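All of the numbers you see were taken from the coordinates with simple rules; none came from a lab. Here the Cβ is made from the backbone with ideal geometry for all residues, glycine too, and neighbour counts use every protein chain on show.
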Amino acid sequence: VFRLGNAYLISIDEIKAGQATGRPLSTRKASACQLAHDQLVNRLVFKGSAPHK
Amino acid sequence: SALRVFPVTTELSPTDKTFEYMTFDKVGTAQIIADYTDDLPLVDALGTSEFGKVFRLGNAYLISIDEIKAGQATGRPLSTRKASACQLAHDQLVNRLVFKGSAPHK
Amino acid sequence: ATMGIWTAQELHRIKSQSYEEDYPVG
Amino acid sequence: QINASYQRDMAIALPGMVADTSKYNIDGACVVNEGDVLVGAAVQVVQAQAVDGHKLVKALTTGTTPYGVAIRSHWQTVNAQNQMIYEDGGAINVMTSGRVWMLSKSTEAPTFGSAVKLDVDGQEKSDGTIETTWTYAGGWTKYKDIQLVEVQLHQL
Amino acid sequence: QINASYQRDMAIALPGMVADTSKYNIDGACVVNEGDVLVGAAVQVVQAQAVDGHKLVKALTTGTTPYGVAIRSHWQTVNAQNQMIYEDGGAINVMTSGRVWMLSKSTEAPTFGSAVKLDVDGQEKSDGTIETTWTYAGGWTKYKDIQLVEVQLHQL
Amino acid sequence: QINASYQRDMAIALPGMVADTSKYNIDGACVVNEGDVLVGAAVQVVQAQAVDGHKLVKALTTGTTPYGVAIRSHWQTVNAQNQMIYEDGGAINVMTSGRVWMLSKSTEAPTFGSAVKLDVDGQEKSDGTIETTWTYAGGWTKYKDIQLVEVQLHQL
Amino acid sequence: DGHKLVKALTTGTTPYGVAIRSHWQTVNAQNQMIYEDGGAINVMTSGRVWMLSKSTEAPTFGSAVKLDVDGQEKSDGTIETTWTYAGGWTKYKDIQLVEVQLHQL
């Protein structure tokens, strides 16, 4: 079994601007993180990793 | 046949000069980590936009009083034929713009 | 400064429809 | 305790403004090609389409015959460089005959009826290189550090 | 007919993007001086105010010492020439320590841990003239048409 | 009668004060021997205990290598000669990396990014005899005839 | 992909970090705690760490660290390093340890 992880950054000004304009920036970053996790799982299943055997 | 094979929309206002639309994107990645880790990778997002313009078309025609009287008397007016020709010219110009473009006007 | 009385934003249209990229998972 | 009343006069001209309502003719079936032109400056004709019917114009350069002067319009023009310009790939309002206000680079008032000489960028100059068949219409004024001269235009 | 499903992969990085969450440091009390800075390029310090505390930075030129790299910010930047830049007379986020993705002009992948050579315009390039104390962090990707490289920044 | 309003500006810094909250490191497991240490002067290490884990520090002398700068705290210091100091045989706070306000003996403003040279008593001097790997950060001020300079400290 | 391939240090090579303890990622072998092939490893790049030693005399504070071909500290080693000693010098049941200050590459 294995483990995967990543992260993202944001600032207070960006949060306030996203709330005011109507297009938040944190939701897109969360979606990108989840998509990256899913795509890495797919790659491991179909392409494999040599260093990790 | 250019208004019958391509969709026609009626969103633009009669007093506009330019329209614009947006597009969005994103990036990111993931990795295999250990229990004590301090270098998790990050993600981001993008955006972009495009533009479009509007143009005006026109022509005209002439007619004299003698021709008007001759049309009224002989039963075949000459003004309605010219009006039909003007309308046909406008429609054909629109079709030609759609199917051939115009290099100077981009 | 010899501009006109109308600015660009007053004669400009913003289409109310956005396009997104597609990334299928697998 | 005495009241004071004051009085102020308006300016009389702007660049590219039609001087008066005498006999004039506007050639509005042209399109700007290869760059942008200034309102109040001369332009030249590159080529005329045989079938489509649109002329191609741009800013005047060395050794080229002028054709007309761009005129003001609150709808057809775009605002750039703190002034009115005509952008590339768009219809332009060119004046071929009549009295117009033109940008000047000279320093002394001209003589009524004398021939107009332009600079290499399509602006009037007392000792310019490009010679035209146009004549001065008599006006000579200034709008807030911008020199303006009145020019009479006749058809080519 | 038989159904089909497809697969696509996102891009890895962007110019001027923080590579990971390692020990970094951001200097946000700086102001752009006499010009604009491209996100993802190196900067230099021209003057540090003795008492006010701000630092004046500008785009890197010949015969100077780099200080940091501008980073992406959705709020504190302006979209100009289809890129994202920091304009004149405004606050700038300058990264002085950590891993960052920045623009490159090289054609072959670099060696991990070797010294970084920058071009006169502030973008990384092999066999360049300007020498720094930064090392390559082992990253060689590319956006649609932009080359990128991962660099490790040590504080001066 | 005409009313009046007045204005006064605060001072900027005090000796030994931490300049910025930008990636500092403090070693609190240090003890003082052989005299006193002025808050705002360099210190040296004379012995590192192998098993207990404490480091023995004292004021900088000739022909030595500085290790850090004593910082200012309202609890661990004592008030002597009308100023804050660390007495012999007590725990001390030593900054090993960061930005600090340090006592100076020079008269000319320093150059940003250049090396720092110390005196034989632990105070910064433009023309000193002890070389360090520290650099100037651009701060240069004075609190009531006490000159202060801003120093960037890197971990040894 | 982003991953880095590490192994035990050998002759004529520059060190990168030191493996650190973990009760979950490691395995028990040879009456020691080790990291096995084909698995994630915790590598410390900067800080203070206790390290195995093959020397017999206490080091000088602030001096440069010299390693061996095997990857263990040695007073007279053929591998040059930019690390420095941190002062600690202890022993755990006939196993000699030393404190090392790691600076980022």
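Within the stretch F:83-102, the set of residues being among the small types (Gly, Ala, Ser) and not in a loop (DSSP other than H, G, I, E, B) comprises F:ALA91, F:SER97, F:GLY98.
The residues of the stretch D:57-72 that are under 19 Å from D:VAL39 (Cβ atoms) and either aliphatic (A, V, I, L, M) or surrounded by fewer than 17 Cβ atoms within 10 Å (Cβ to Cβ) (or both), listed by number, are D:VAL57, D:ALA59, D:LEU60, D:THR61, D:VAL69, D:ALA70, D:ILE71. The set of residues from the stretch B:1-36 being surrounded by 12 or more Cβ atoms within 10 Å (Cβ to Cβ) and away from chain A (no Cβ under 14 Å) comprises B:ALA2, B:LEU12, B:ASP16, B:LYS17, B:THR18, B:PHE19, B:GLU20, B:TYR21. Of the residues contained in the stretch B:20-36, one or more are found to be without any contact (Cβ under 8 Å) to a residue 12 or more places away in the chain, in a loop (DSSP other than H, G, I, E, B) and not hydrophobic (A, V, I, L, M, F, W, C).
Could you count how many residues in the stretch B:60-81 are within 29 Å of B:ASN95 (Cα to Cα) and either touching an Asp or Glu at 6+ places or on another chain (Cβ under 6 Å) or exposed (fewer than 10 other Cβ atoms within 10 Å of the Cβ) (or both)? Walk me through how you get there before you give the answer.
The first filter runs over the stretch B:60-81 and keeps only residues within 29 Å of B:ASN95 (Cα to Cα), leaving B:60-63, B:77-81.
Retained after the next criterion (residues that are either touching an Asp or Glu at 6+ places or on another chain (Cβ under 6 Å) or exposed (fewer than 10 other Cβ atoms within 10 Å of the Cβ) (or both)): B:60, B:62, B:78.
Qualifying residue count for the region: 3.
Candidates are the residues of the stretch C:15-26 that are away from chain A (no Cβ under 13 Å) and in contact with a strand residue (DSSP E or B) (Cβ under 6 Å, 6 or more places away or on another chain); the one that is surrounded by the most Cβ atoms within 10 Å (Cβ to Cβ) is C:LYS15.
Conditions (1) under 19 Å from F:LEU148 (Cα atoms); (2) of a type outside the set (A, V, I, L, M), marked per residue:
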| position | (1), (2) |
| --- | --- |
| F:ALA41 | yes, no |
| F:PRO66 | yes, yes |
| F:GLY89 | no, yes |
| F:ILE92 | no, no |
| F:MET102 | yes, no |
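Please verify whether F:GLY40 is surrounded by 14 or more Cβ atoms within 10 Å (Cβ to Cβ), touching a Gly at 6+ places or on another chain (Cβ under 8 Å), in contact (Cβ under 8 Å) with a residue 24 or more places away in the chain and not in a strand (DSSP E or B), treating the condition exactly as stated.
Values: surrounded by 14 or more Cβ atoms within 10 Å (Cβ to Cβ): yes; touching a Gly at 6+ places or on another chain (Cβ under 8 Å): yes; in contact (Cβ under 8 Å) with a residue 24 or more places away in the chain: yes; not in a strand (DSSP E or B): yes.
The answer is yes for F:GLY40.
Looking across the stretch E:19-28, just one residue is more than 8 Å from every other protein chain (Cβ to nearest Cβ) and among the small types (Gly, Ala, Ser), and that is E:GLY28. Residues that are in contact with a strand residue (DSSP E or B) (Cβ under 7 Å, 6 or more places away or on another chain) and without any contact (Cβ under 8 Å) to a residue 60 or more places away in the chain are absent from the stretch B:80-90.
Scanning the stretch E:106-128 for residues that are of a type in the set (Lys, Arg) and either part of a strand (DSSP E or B) or in contact with a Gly (Cβ under 9 Å, 6 or more places away or on another chain) (or both) turns up just one, E:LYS117. Filtered by the rule that a residue be of a type in the set (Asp, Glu) and without any contact (Cβ under 8 Å) to a residue 60 or more places away in the chain, the stretch F:83-121 gives F:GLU87, F:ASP88, F:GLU108, F:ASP119.
Of the residues in the stretch G:18-28, at least one is under 30 Å from A:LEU40 (Cβ atoms), within 12 Å of the chain's Cα centre (by Cα), in a loop (DSSP other than H, G, I, E, B) and in contact (Cβ under 8 Å) with a residue 12 or more places away in the chain.
Which residues, counting only those in the stretch G:29-52, are more than 9 Å from every other protein chain (Cβ to nearest Cβ), in contact with a strand residue (DSSP E or B) (Cβ under 8 Å, 6 or more places away or on another chain), more than 14 Å from G:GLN101 (Cα to Cα) and not aliphatic (A, V, I, L, M)? If the condition is that a residue be more than 9 Å from every other protein chain (Cβ to nearest Cβ), in contact with a strand residue (DSSP E or B) (Cβ under 8 Å, 6 or more places away or on another chain), more than 14 Å from G:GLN101 (Cα to Cα) and not aliphatic (A, V, I, L, M), then G:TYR35, G:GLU36 are the ones that fit.
Scanning the stretch E:129-156 for residues that are within 14 Å of chain F (Cβ to nearest Cβ), closer than 13 Å to G:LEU105 by Cβ and assigned to a strand (DSSP E or B) yields E:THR133, E:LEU153. Quick one: is D:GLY90 within 21 Å of D:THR61 (Cα to Cα), over 15 Å from the mean Cα position of the chain (by Cα), surrounded by 16 or more Cβ atoms within 10 Å (Cβ to Cβ) and not hydrophobic (A, V, I, L, M, F, W, C)? Considered against the rule, which asks whether it is within 21 Å of D:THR61 (Cα to Cα), over 15 Å from the mean Cα position of the chain (by Cα), surrounded by 16 or more Cβ atoms within 10 Å (Cβ to Cβ) and not hydrophobic (A, V, I, L, M, F, W, C), D:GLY90 comes out as yes.
Scan the stretch B:37-58 for residues that are more than 9 Å from chain A (Cβ to nearest Cβ), assigned to a loop (DSSP other than H, G, I, E, B) and surrounded by 15 or more Cβ atoms within 10 Å (Cβ to Cβ) and jot them down.
Let us first name the residues in the stretch B:37-58 that are more than 9 Å from chain A (Cβ to nearest Cβ), namely B:38-39, B:46-58.
Next cut, assigned to a loop (DSSP other than H, G, I, E, B) only: B:38-39, B:54-58.
Scanning the stretch B:37-58 gives a single hit, B:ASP39.
Criterion first (assigned to a loop (DSSP other than H, G, I, E, B), within 11 Å of the chain's Cα centre (by Cα) and among the charged types (D, E, K, R)) does D:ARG72 satisfy it? So D:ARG72 fits the description; yes. Looking only at residues of the stretch D:64-82 that are of a type in the set (A, V, I, L, M, F, W, C) and in contact (Cβ under 8 Å) with a residue 40 or more places away in the chain, we find that the one that is farthest from the other protein chains (Cβ to nearest Cβ) is D:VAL69.
Just checking, which of F:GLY53, F:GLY35 is in contact (Cβ under 8 Å) with a residue 12 or more places away in the chain, over 16 Å from the mean Cα position of the chain (by Cα), closer than 21 Å to F:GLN123 by Cβ and not in a strand (DSSP E or B)? Write out each step before concluding.
On the way: F:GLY53 fails: closer than 21 Å to F:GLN123 by Cβ.
Sole residue among the options that is in contact (Cβ under 8 Å) with a residue 12 or more places away in the chain, over 16 Å from the mean Cα position of the chain (by Cα), closer than 21 Å to F:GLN123 by Cβ and not in a strand (DSSP E or B): F:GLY35.
Among the residues of the stretch B:26-42, those identified as among the aliphatic types (A, V, I, L, M) and under 21 Å from E:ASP9 (Cα atoms) are B:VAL27, B:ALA30, B:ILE32, B:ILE33, B:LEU40, B:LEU42. Here the condition is being in a loop (DSSP other than H, G, I, E, B) and in contact with a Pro (Cβ under 6 Å, 6 or more places away or on another chain); of G:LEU105, G:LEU9, it holds for G:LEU9 alone.
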